[PDB]
């Protein structure tokens, strides 16, 4: 068989990031994690644009617009939705993931899903640079991989 991959060399890549202000206590650590990860992989700090939106529901809207400028190789979406007392959590999470997916689809640009969806604050901290690592770092790496792999497609 013939293998098609994407290496982790970020040199020369232009990355766009959309972060939600909601739960910034967490998302900010996600953002910084992604930044460091990108830099240590060869991406130039100036080649990184970060756009802040109120909540995760907004993330798709910004992600699509940024991707449409065709100015980026990949887009990283960073958010943190923590469940509450109502089903609000459900809609925010669904629409976010739904839109983040269709953004990449209609845009052709890889849009990495980095929205942390937990039951409580602990699980959030758990995935923002603790026990489970930093989802932001994992997303940065995936962004790089997808950008490189995307060269192999047109």
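Residue numbers count along the first chain shown, from 1.
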Check the entry's C-alpha temperature factors for 37-45 and 87-95, then say which stretch has the higher mean.
37-45
Averaging the C-alpha B factors as listed in the entry, name the stretch that ends up higher: 58-66 or 110-118.
58-66
Residue selected from 19, 140, 146, 9 by maximal Cα B factor
146
If you rank every modelled residue in this chain by C-alpha B factor, which third holds residue 131: lowest, middle or highest?
highest
Per the entry's values, where does residue 51 land by CA temperature factor relative to the rest of its chain, in the lowest, middle or highest third?
highest
Assigned third (lowest, middle, highest) for the C-alpha B factor of residue 101
highest
